[PDB]
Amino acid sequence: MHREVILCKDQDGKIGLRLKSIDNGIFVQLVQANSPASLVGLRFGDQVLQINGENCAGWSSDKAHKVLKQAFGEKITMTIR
């Protein structure tokens, strides 16, 4: 099911999340232990549907991480399945 998660960057600007583009989607490839990403329950294999309001269908892995990096207000919003 659809779910929104809100991640706050840690004190070094990081969230602890690696993403993979595949099958026209964006998926969670690696979640760092004890991180903003693990705090909201992200897991290997989760699909990311939106990042900061934008549909990620057809984004590259590097685009998805760029948009993560460009987060506004120390805050990353994502829609997940």
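Residue numbers run from 1 along the displayed sequence.
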**OP:** Would you tell me which stretch averages the higher CA B-factor in the PDB entry, 47-55 or 24-32?
**Re:** 47-55
**OP:** Classify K66 as lowest, middle or highest third according to the C-alpha B-factor given in the PDB entry, relative to its own chain.
**Re:** highest
Original post:
What third of the chain, by the recorded C-alpha B-factor, contains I80?
Top reply: middle
**OP:** Ordered by C-alpha B-factor within the chain, which third holds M1? Give me lowest, middle or highest, please.
**Re:** highest
